[PDB]
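Q: No letters, just coordinates:
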Ligand SMILES: [Mg+2]
Ligand SMILES: [Mg+2]
C-alpha cells in the first residue's frame, strides 16, 4: 500500500518536508510539481529525502513557463499539472495531497485536479514561524508549532480518472504540437452534464451495456452504422464465445486425439488463440466419450478430468502473472446416436453430473448440450424423464433445434427439456407465438453467423428483443474467428451499428451459465474494458 | 378510460394491467379453476386495448388442500396460449411445492416464499433462472413476525435475498387490511432489514421492472421513462 | 462562473488599477463553468438565518456524508438506469449510504412499481 | 491393492465388490438420489480393475412414508447402462411395496422381507 504524496512548491520548498512530517505515520512516495523557474532550491528537499532512501521521491519540471502571466500560460500549466497528477495516480488507490505550497493559481488548479480525479484526503499545513531550514522546522514540530489542516475527502470521477490509457503518443506535450487532451476530457464531462440537464428527449437513457460518460461525439460515432474498417476496434473489444467445439480447431478428433499429448497441445493452442482474440469468457463443448481409450486405460472421465486440470493450470498461470486471461467452462455434449448403445446418453449425463460435483477449481462444468442430428427422430419428446435427474442437481441445459425443424419442436424443447439456452433456430420469424414465448422467457439464441453463411434475421431478432449471442461454432472448420463473426454482419445485415454489437455482447454475458457473483464480476471487468477501448479508439 | 383520460391531459398516469386469480377450493367444485383460466385466455384474446390481462394467478390457503402440483394438465393449454403464471408457492410451503411450481407449471413468479433460505438448491435454480419473488413487507411482517417484533428472534430475509441475486420485488398485497401503501412498504425495510441502502432500493425497483410480463418495446419505453424520472428525482433528492 | 484576477503590479489605489485595466494589464483566469449539484439549497430552508449563534451549534450535516464517501464490490456494479452514472458523485455516495426512516419524502417522490 | 497383494503371495484372498447405497434422505435435498445414481454409473463406467462396483442399494427410513413407490422413474438410466438393483424393504412394510420393488425397479435382491410368509 502506497501513500503517494503530490504537491506543488513555488518560492518556498520547505513545505514538502512539513507535509511529510505532518502525519507521523509516514508516507511512501512523494512527488512535487514545479515550473522551470530559477528561484527553486531543489537541493534541500533532495538531501532531506536522501536522508531516507526508503521513501521514493521524484521531481517533475514544467518546461517553458517561468510563471503564469496570461491565459495560455495558465492553461498550459493546468494541462501539465493534470497530466502529471493523472500519470502519478496509484493504480488502485486514492492519493494524498497538500495545497499549502505555491501561489493561489497553482493551489486552485491542484484543488481542481483533486475535485476532478478524487483523493484520499486533501490537506493544508500551517507554520507559525515559516521555517526555512530543517532543524528549525523540526524544533517547531517538536514544540507543537506544527499545524496540519484538512477538509477534503472525495471519491472523484471514476470515468475521468479512468482515461490515463491515452497519455502515450504525445512525446511529452511540446508546446509546438501540444493538444490539451485533459481539456478534451473536461469539455466532454461538462458537455454530457449540460446536455443531460438541458434536454428530455435525449435524456431518456440509450446505453444498456452501461457507460453514458463518453463524449457526445463518441456516442454519435457509436450510433452510426458500423463499417468494414472497424476491424481494429472490434478486435480490441473483449468478446464472449458461448458455442465453441474443442475438437474442431486444428482441422482430428476421434482418430488422432486419443493420446494425452495431442489433447494437451490442443488445449494450450486453443487457449492461446482465445487469449489472442481478446475473448474474456467462453463455454466449450467437448465429447469425452469420443476421446477416451479403454485400451490405454483412458476413460471418458479421465479425459474430462485431464481437460479440466490443464484448463485450470493454464488460467492459473495466466492470472498469476497479472495479464489478461480467458475464463472458460466446459459443456458436456450429449452426442446423438439413436442407432445403438442408447445408454450412452445416460452415461454422458451421469458423467456431467459427477464432473460438476468436483466443486473446486476456477474452471468447472456448468451445462450439457443436446446437440446431434436435430431432426424429428431425436426431438425433445424422448428423454425428458431422464433430464429430470440433471435438472434436479441444478445443472443448465443447452439444446440445439435450429436446422430442419418445425416450430413445435422448438416449443417443447423449450417447455419439456426447459433449455435455459437455445441454439440456432434461424426460422423463428415465421412463428410469432414462438417469438412471444422466447422473448417473454428471456431464453437466448446461439445463432452462428459464419455457420449459416457457409436476409439474415439477426437484425430483426435484435429489434424483437431476443437475447441473441454471436457465436463462432468451429473456428477451425469455418476458418474464421469470432472477430470475423461480428465483422461479417456489416454486409450480412445492412444498417447494423456498433451499439447493436455492444448489446450483442451484453446479451452474451447475461446468457452464459455462470453464478451471480461471477456474472457481476465479469460485467464489471467488461464495462471497464469497453469504456477504456472506446475512449482509446475515439481519439484515433 | 381512466388511463386514456389521464394521458390526454399529459399528466402522470399509472399504467395498469390485471391478474386473474384462480383460487383452489375456495368456492366448492374445482371446475371453477378451469372456468377462471378459460375466462382469462378469452379476455386475453381481446386483441386491441391499453389495460390488458397479462396472465393468471394461483393462490391458496396454506398447503396440501391448496398445493401447487394438482392442476398441471388443466394449465397446459392456458400456458400454451401465451399467458404467465404467478404461483403462490410459499408461506410455510414445503420446498417440493415450490420446485413443482417453478418447474412443472413454469411459474415466472412466486408469492412470499419466505423460507426459501433453507433450500440451497432451490435458491441456486431460482437465481440461475431469474424468477421473480413477490413479497409483501408489512403483510408478512404482521402475519408472521420478524425482528424487531417483541418476543421474536426470526429476522426478515430480504437483505440475503438481495445479495444472493434473487429478482425480489416489493409489493403491497392488501392495502386496506395491512394499512400500508407502497411508500411505507419500502420505508419499513430500514428498521426491518438493518444495513439496507438506497441503492438496493433502486435495484429492487429495477428487478420489479424486469419481472413484469410485458412486451419488449413497452419495456424499453418504460425503462427510458423510469430512468429519466429517477435521475430527476435523485437530482432534487439531495436538496433535503 | 468561478474565476481569478491577476495583477502584475498589484495596484493599491483606484487610479492605478483603473489605468491597468485601461491598458489591459489585469488578466482573467477561469477553469470553466461549474454546474455544481442541481439541488442542494433546502439546507438553507431547514436551517434558519441563525443570526444569533456561536461555535456551540455547528452543523456537520454534509461532512458526515463526506467522511462516509469512501470510508465504508456488490454495491459498485449494481448500477441500474445507466443515466445514473452522470449523477454527481456526492449524490452517488449518498445513495450508497444505508436507508433510514427520514427518507419518506424521497420514497414518496420515488416512482415505484 | 489389498487383494492384489494377497493374491501375489498365493494366499487366501477375499474378493470384494462395492455397493453404492442410495440413502433415502426423506427430504434431505432429494437430488442426492440422482447424484448417487450418476456416481454409481460413472464408477461402473471406469471399468478397468479387478475390484469393481456392481450395483446400487436403496434403504433407510423403512417406514411407509419412504416406500419404493416414489423413485420408480429415476432408475431407468442406471438399469439401462447395465448396473444391478437392490431394494431393502419388508421389515415392517406392507405386502405391496415388495411387489412394486420387484416389478418396477426390477430389484434382483430383497432386503429382509421377514413378513413375506403372510403373502402367499
Ligand atoms: Mg456447433
Ligand atoms: Mg396475496
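A: Ah, there it is. Numbering: from 1, shown residues only, chains lettered A, B, ... in the order given. Ligands and ions are numbered 1, 2, ... in the order given.

Q: make it CA atoms for all contacts and neighbour counts henceforth
A: Will do.

Q: tally of neighbours for the residue in chain B positioned nearest to chain A?
A: Chain B approaches chain A most closely through residue B:224 (4.9 Å), counting by C-alpha to the nearest C-alpha. Counted with other C-alpha atoms under 10 Å in any protein chain shown, the neighbours of residue B:224 add up to 20.

Q: phi, psi of the residue of the stretch 1-150 of chain A found nearest chain B?
A: Nearest residue of the stretch 1-150 of chain A to chain B, counting by C-alpha to the nearest C-alpha: residue A:115, 19.0 Å away. Dihedral pair for residue A:115: phi -70, psi -20, per degrees, to the nearest 10.

Q: How is the residue of chain B closest to chain A assigned, secondary-structure-wise?
A: Following DSSP: H, G, I helix; E, B strand; the rest coil, the label given to residue B:224 is helix.

Q: For it, list the residues it contacts.
A: A:204-206 (C-alpha atoms under 8 Å, 6 or more residues apart in numbering or on different chains).

Q: just to revisit the earlier point, distance-wise, check the residue nearest to the residue of the stretch 1-150 of chain A closest to chain B when sequence neighbours are not counted relative to chain B.
A: Using C-alpha to C-alpha, 6 or more residues apart in numbering or on different chains and skipping residues adjacent in sequence, the residue nearest residue A:115 is residue A:156, 6.0 Å away. Distance of residue A:156 to chain B, given as C-alpha to the nearest C-alpha, to the nearest Å: 18 Å.

Q: Which helix or which strand is home to residue 89?
A: I'll assume chain A. Residue A:89 is part of no helix or strand, with elements assigned from DSSP states H and E.

Q: please go with chain B instead
A: Using DSSP H and E, no helix or strand contains residue B:89.

Q: What segments of chain A are strands?
A: Remark: strands assigned in chain A by DSSP state E are A:4-8, A:29-35, A:56-62, A:96-98, A:119-127, A:146-154, A:239-245, A:279-286, A:327-333, A:365-370, A:396-399, A:421-423, A:444-447, A:468-470.

Q: I'd like those strands written out as CSV, with mean neighbour count and distance to residue A:258 added.
A: Shown next, in CSV, are those (neighbours: other C-alpha atoms under 10 Å in any protein chain shown; distance: least, C-alpha to C-alpha, whole Å):
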stretch, mean neighbour count, distance to residue A:258
strand A:4-8, 23, 56
strand A:29-35, 21, 57
strand A:56-62, 14, 57
strand A:96-98, 24, 60
strand A:119-127, 18, 58
strand A:146-154, 18, 60
strand A:239-245, 24, 16
strand A:279-286, 22, 13
strand A:327-333, 25, 17
strand A:365-370, 24, 21
strand A:396-399, 24, 26
strand A:421-423, 24, 28
strand A:444-447, 25, 29
strand A:468-470, 27, 31
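
Q: wait, which of these is closest to residue A:161?
A: The closest of the strands of chain A to residue A:161 is strand A:119-127. By C-alpha to C-alpha, the value is 10.6 Å.

Q: Chain C contacts on chain B?
A: Counting by C-alpha under 8 Å from any C-alpha of the partner chain, chain B comes close to chain C at B:163, B:171, B:182-184, B:186-188, B:190-191, B:195-199, B:202-203, B:205-206, B:208-209, B:223, B:226-231, B:233-240.

Q: coming back round to it: could you report the distance from the residue of chain B closest to chain A to residue A:200?
A: Distance from residue B:224 to residue A:200, counting by C-alpha to C-alpha, to the nearest Å: 11 Å.

Q: Repeat that for residue A:514.
A: From residue A:514 to residue A:200 the distance is 37 Å (C-alpha to C-alpha).

Q: Looking at these two, which one has more neighbours?
A: Taking other C-alpha under 10 Å, residue A:514 and residue A:200 do not tie; residue A:514 has more neighbours (17 against 13).

Q: Do I have it right that that one meets residue A:366?
A: Yes - Residue A:514 is within contact range of residue A:366, at 7.3 Å (criterion: C-alpha atoms under 8 Å).

Q: Find the residue closest to residue A:370 in space, skipping its chain neighbours.
A: residue A:399 (4.7 Å).

Q: Sorry, wrong one. I was asking about residue A:118.
A: According to C-alpha to C-alpha, 6+ apart, the nearest residue to residue A:118 is residue A:156 (3.5 Å).

Q: number of nearby residues for that neighbour?
A: The tally of other residues near residue A:156 (other C-alpha under 10 Å) stands at 20.

Q: One more: residue B:90?
A: 23.

Q: Who are the contact partners of it?
A: Residues near residue B:90 by C-alpha under 8 Å, 6+ apart: B:98, B:110-115.

Q: same thing with residue A:246?
A: When contacts are counted by C-alpha under 8 Å, 6+ apart, residue A:246 touches A:267, A:270, A:284-286.

Q: Please convert those residues to TSV, extending it with distance to residue B:86.
A: Compiled in TSV, the contacts of residue A:246 are given as follows (distance: C-alpha to C-alpha, whole Å):
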residue	distance to residue B:86
A:267	45
A:270	45
A:284	35
A:285	35
A:286	38
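
Q: for residue A:2, phi and psi?
A: Backbone torsions of residue A:2, given as degrees, to the nearest 10, read phi -120, psi 120.

Q: ok, the closest residue to residue A:351 other than its chain neighbours to residue B:222 distance?
A: Computed as C-alpha to C-alpha, 6+ apart, the closest residue to residue A:351 that is not its neighbour in sequence is residue D:42, at 5.9 Å. Shown here: residue D:42 relative to residue B:222, a distance of 50 Å by C-alpha to C-alpha.

Q: what about the residue in the stretch 301-450 of chain A positioned nearest to chain D, how many neighbours?
A: Minimum separation of the stretch 301-450 of chain A from chain D (C-alpha to the nearest C-alpha) falls at residue A:350, amounting to 4.1 Å. Per other C-alpha under 10 Å, the neighbour tally for residue A:350 reads 26.

Q: Would you check how far apart the closest residue to chain B within the stretch 51-200 of chain A and residue C:38 are?
A: At 7.8 Å from chain B, residue A:200 is the closest residue in the stretch 51-200 of chain A, using C-alpha to the nearest C-alpha. Counting by C-alpha to C-alpha, the gap from residue A:200 to residue C:38 is 15 Å.

Q: Can you pull out the residues in contact with the strand ranked longest in chain B?
A: The longest strand of chain B (DSSP E) is strand B:53-58. With C-alpha under 8 Å, 6+ apart as the test, strand B:53-58 has contacts from B:17-24, B:37, B:40, B:43-44, B:68, B:83-88, B:213-214.

Q: Work out the gap between it and the centre of the chain.
A: Offset of strand B:53-58 from its chain centre (C-alpha atoms, centre = their mean, to the nearest Å): 11 Å.

Q: tell me which residues in it are buried?
A: Under the neighbour-count criterion of 16 or more other C-alpha atoms under 10 Å in any protein chain shown, strand B:53-58 has B:53-58 buried.

Q: List the contacts of stretch B:65-78.
A: With C-alpha under 8 Å, 6+ apart, stretch B:65-78 has contacts from B:24-25, B:34, B:37-38, B:41, B:58-60, B:87-89, B:97-98, B:100-101, B:104-105.
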